[PDB]
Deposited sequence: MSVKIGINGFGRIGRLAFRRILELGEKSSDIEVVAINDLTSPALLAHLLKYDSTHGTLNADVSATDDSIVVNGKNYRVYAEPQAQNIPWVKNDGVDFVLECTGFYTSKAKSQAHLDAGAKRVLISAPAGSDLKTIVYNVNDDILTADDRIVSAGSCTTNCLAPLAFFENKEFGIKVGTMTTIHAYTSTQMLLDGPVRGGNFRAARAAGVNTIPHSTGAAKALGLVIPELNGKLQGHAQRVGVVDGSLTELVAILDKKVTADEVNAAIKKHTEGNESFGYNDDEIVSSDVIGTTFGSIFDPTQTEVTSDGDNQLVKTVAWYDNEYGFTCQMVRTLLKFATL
């Protein structure tokens, strides 16, 4: 089970780390494609301000990265179709991390170059499947060649909305994610691509509203919720570690203790959707393997007569969590 990684950004590198750890106890990466000198790439794989230092020997050569005596070639093709990693290296699936190949059409380029399947790490349209592992990965079939993992937010929200709706019937809901700052943001105020007024502001010293598609597109993952949710984000001054607040009108009348026990059930042995009642904070989830961690301590039911609002919340390592989700799906690709 061999992976080629297109784009050795933060998610790309974390996928490397994750597959490496997994491989120590039982799929493997064989090649990477990226414009950066491998020397720097190796450095960024070894040292991480968020995730710590990789316990392994890392070096580079002029065309590769080396870990624990193994050589991982890095190509530098700006057009995916020219990546020779299939004949050259044995690549089965491509993890597509670049943000540039974000549609079925665009990613065909990988197929043209011989890859069996592709997993894109972002929303990539409605003409292919959007998978959140442990929610709708069962809909995968052998025919599925280009797939989308959705977003980091999708992977947190989906299971919460999924099970909440199955227990109680979500009529309508709104979401706010209080999200760590990201690479698309700036250190200091200044112009940015797209020209967005908020995109342009200093990430580390502001709370910054930000648009997401997560909720609005949730129907690609949970079709009965199409048209039922909207949301946005607030970008705040931490490096990593996020949380999502969902507020919904339900079909059923509930208490907070009832909501908590119902959802808890669905976290039992679930590697994608966890549970924590220790009153954690954001830092506590950095480096966790779940795509979403339900926090019963924040559950709130507001009612007067029989107008009811229910707020639930889940934590997530928007980096590491999302990535572990994508690796689960790469793995499910082998079984198709």
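Chemist: Could you sort out which parts of the deposited sequence are absent from the coordinates (no C-alpha) and give them as ranges from 1?
Modeler: Since the structure holds only modelled residues, the stretches it omits are 1-2, 29-30.
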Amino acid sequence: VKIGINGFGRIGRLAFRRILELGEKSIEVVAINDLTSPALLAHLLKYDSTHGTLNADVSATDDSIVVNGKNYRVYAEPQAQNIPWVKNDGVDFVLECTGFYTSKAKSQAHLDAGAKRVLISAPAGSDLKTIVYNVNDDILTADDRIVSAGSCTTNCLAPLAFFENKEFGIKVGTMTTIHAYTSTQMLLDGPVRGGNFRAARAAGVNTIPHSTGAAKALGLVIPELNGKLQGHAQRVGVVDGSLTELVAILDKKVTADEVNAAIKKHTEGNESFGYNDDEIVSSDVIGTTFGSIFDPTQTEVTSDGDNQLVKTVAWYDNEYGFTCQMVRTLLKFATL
From here on, numbers count along this sequence of modelled residues.
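Chemist: If you average the CA temperature factors over each stretch, which comes out higher, 87-95 or 164-172?
Modeler: On average, C-alpha B-factors are higher across 87-95.
Chemist: On mean C-alpha B-factor from the PDB entry, just flag whether 27-35 or 289-297 is the higher one.
Modeler: Looking at the record's C-alpha B-factors, the answer is 27-35.
Chemist: Kindly indicate the residue among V132, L246, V259, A215 with the greatest C-alpha B-factor in the PDB record.
Modeler: Of the candidates given, the C-alpha B-factor peaks at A215.
Chemist: Checking the record values for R198, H266, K104, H179, which has the greatest CA B factor?
Modeler: In the PDB entry, the greatest C-alpha B-factor among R198, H266, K104, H179 is found at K104.
Chemist: Would the CA B-factor of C324 place it in the lowest, middle or highest third of its chain?
Modeler: Answer is lowest: the recorded C-alpha B-factor places it there.
Chemist: Lowest, middle or highest third: where is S126 by Cα B-factor in its chain?
Modeler: Its C-alpha B-factor, which the entry lists for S126, ranks in the highest third among residues of this chain.
Chemist: Lowest, middle or highest third: where is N307 by C-alpha B factor in its chain?
Modeler: For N307, whose C-alpha B-factor we compare with every modelled residue in the chain, the answer is the highest third.
Chemist: Split into thirds by Cα B-factor across the chain's modelled residues, where does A115 land: lowest, middle or highest?
Modeler: Its C-alpha B-factor belongs to the highest third of this chain's values.
Chemist: Would the CA B-factor of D137 place it in the lowest, middle or highest third of its chain?
Modeler: As the PDB entry reports it, the C-alpha B-factor of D137 lands in the highest third of its chain.
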